[PDB]
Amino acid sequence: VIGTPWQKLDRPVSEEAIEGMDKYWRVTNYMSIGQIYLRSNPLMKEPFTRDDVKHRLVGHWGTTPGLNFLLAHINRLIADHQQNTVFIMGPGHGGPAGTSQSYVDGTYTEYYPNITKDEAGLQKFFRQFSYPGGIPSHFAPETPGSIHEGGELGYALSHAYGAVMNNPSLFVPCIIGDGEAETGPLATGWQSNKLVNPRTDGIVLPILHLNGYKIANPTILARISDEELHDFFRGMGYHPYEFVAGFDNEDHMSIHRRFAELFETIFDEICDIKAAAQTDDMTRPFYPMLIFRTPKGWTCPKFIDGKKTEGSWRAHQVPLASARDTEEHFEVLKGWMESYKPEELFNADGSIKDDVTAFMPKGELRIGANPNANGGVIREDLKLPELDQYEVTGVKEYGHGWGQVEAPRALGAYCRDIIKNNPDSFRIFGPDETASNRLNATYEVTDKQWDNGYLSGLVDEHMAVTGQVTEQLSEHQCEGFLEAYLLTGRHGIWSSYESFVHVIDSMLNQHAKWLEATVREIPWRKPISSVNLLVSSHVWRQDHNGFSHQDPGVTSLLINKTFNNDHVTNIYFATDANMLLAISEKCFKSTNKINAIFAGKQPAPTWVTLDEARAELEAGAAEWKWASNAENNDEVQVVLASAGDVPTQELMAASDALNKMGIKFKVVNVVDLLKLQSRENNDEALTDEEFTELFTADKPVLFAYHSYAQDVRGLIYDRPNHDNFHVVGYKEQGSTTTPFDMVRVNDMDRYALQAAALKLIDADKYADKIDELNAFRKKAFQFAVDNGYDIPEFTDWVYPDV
């Protein structure tokens, strides 16, 4: 248990804590300006000149002093209440407020021994901010206290809420940019309080950083009427409190006393909600939120060159951009840095005075030290059930190609038993698609958690105010909740209709970059569990839905996060349920990855046994010798290669026909896509030798690909024999139609695959047979048109091993 969760003070905030908060605010403002502007002389020791200013002024002042003010008050709260706390910096461009916090709390020096607590250290701390060889401009992963960089705005609230799931002792003040609040993802993020339980989950306090402005405009929320703003937050299930400061001549000490008093009232109400929820965990409370209205750039010069800067968008980036070049700007910077009275804040040795920090939390309650902000320190391996009990054994008993299994249902049963063994640290998320994607065996042991109104057992099924499945019709919510749940040291999976994975392409980009930085250069930030995404309801079988639901191209996006041997991204094609099982076990054991797990949910043949799935998954690509008919590679007329359940079924039916014509070929299944790359691009890929062994030194290869052929083509560009590959993939053809017609219009159906194989072997010789295959596809299509269902020769075909 960290600290004493949810305890009220029952006394006023002390005047000593007020004094310490004002010193914190002044010292973090001063060091924030130092980080932005100063390359040397951090204490402005005589002579202090333009030669001490950075030649390249980069960074963001505007948000920063509002952040620094909140952080003083959140630190004071943590210390007084002994409250387990992780904050979110929505405006992650306020990085210097986040580095200043960690430097004040002591964690910065603990993690970075060279950045010492004295003038030499402070010199280095100032120069290194957004500087070549130094540190980022944003609240990056290498800052102690960060689980959220906030470079790409919008995910503040899904991360805050994901962090408090099954974390009942954790408090998350979530600081949200008022420009950020104009984004889609943030606007829906407010509604998460219908999806958390105040007894089993912790508490988010949204704090709207209402500084009036974004980069070059006012914000929507700052300029509507106060009554609309209050009705808005109340209508989303919050109790709104509003603080306004810095627009008049109120002295700063009074501002701190009024805020501290307000913040105690807010926390008291959180504590009341927490206490009440031990008895009534079904009534959804109105959680507090804070509207925090202060001038953008608060405490910077009011006008600069006749332009309003404090209380404007002009404060957004770097004020006084000429501080190095004109004595006029330099003098303004000098008076601005002096207004914080650094001589009262630093000892002569340049260490921050003890009376600046006596109010601060200590040990693991410090924002930089809390283990929830470094969740791999808390994470434990899942207790996984034995995989064997889930095996589709039909393949062993009856033959390769057996049955009509819906593959994710084996993952559902596996996930069911993972939740049972790990009842509060493995969650499933779905955008209203968990049942549609066939993971609903999980409801045998838990419920979809819903903390909003109930009506009737006739309609409410498998749903309770607490549980380990979460659904909201929002890929942004599913992906954001899950990320923070992993970042605080837990585990899970989500599923999405494949075409709609793209809604969160840019969230995958950011989480992969978080992973890239971490595995490269932040060894103190320990391994988190992986993002596991079941990509299902795929392009080939969108029977009720059509063309808008046909886009497997998240493969292509993921290929753009496969560099430097980071090994943070995996694309798995689950061939059948036994392969799905093997892949998922690997994924649930992995750390520091995004794993995209492709699997079809339609009824489909099972191809391999579980033991075969385990061996093949490890190699990444494998020959299926029981399906090959060639003696050896020199006898092979064409390589039949596939990746994806549906390309594989069609390749396999093609292989059966090609066998019956006396054609000689081998069958290669591809499961771990990126292992097709060269060792030069991926040091864990198949070696040239193993690649040649699978794909031959120079026979034609027909490659039936689940997604866009472009991917395989770019991946194999330097592989031996790549010029012989013919990649067939999805090509933006399709609609609401029969399963055969969907493969047909992409040349993916088994007849077109047989034709293509013939064309690669000898086009002249097989001219007629090709025409005949092409005409059979026309006839099978006419038949679908006339009769309403696919021709029985297509639908009734089982692989001859069965």
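One-based numbering along the sequence shown.
Enquirer: Per the record, averaged over C-alpha atoms, which has the higher B-factor: 134 to 142 or 601 to 609?
Expert: Taking the mean B-factor of the alpha carbons in each, 601 to 609 is higher.
Enquirer: Where do the C-alpha atoms have the higher mean temperature factor in this entry, in 277 to 285 or in 617 to 625?
Expert: Taking the mean C-alpha B-factor of 277 to 285 and of 617 to 625, the larger value falls to 617 to 625.
Enquirer: Which of these has the highest Cα B-factor in the record: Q449, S351, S536, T692?
Expert: Answer for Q449, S351, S536, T692: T692, with the highest C-alpha B-factor.
Enquirer: Checking the entry, which one of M31, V745, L70, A763 has the top C-alpha B factor?
Expert: So the option with the highest C-alpha B-factor is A763.
Enquirer: Considering every modelled residue of the chain and its Cα B-factor in the PDB entry, is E338 in the lowest, middle or highest third?
Expert: According to the entry, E338 has a C-alpha B-factor in the chain's middle third.
Enquirer: Sorting the chain's CA B-factors, does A755 end up in the lowest, middle or highest third?
Expert: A755: CA B-factor falls in the highest third of its chain.
Enquirer: Lowest, middle or highest third of the chain for the C-alpha temperature factor of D22?
Expert: Ranked within chain, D22 CA B lands in the lowest tercile.
Enquirer: Lowest, middle or highest third: where is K513 by Cα B-factor in its chain?
Expert: For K513, the deposited C-alpha B-factor lands in the lowest third.
Enquirer: Going by the entry, which third of its chain does the Cα temperature factor of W524 land in?
Expert: According to the entry, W524 has a C-alpha B-factor in the chain's middle third.
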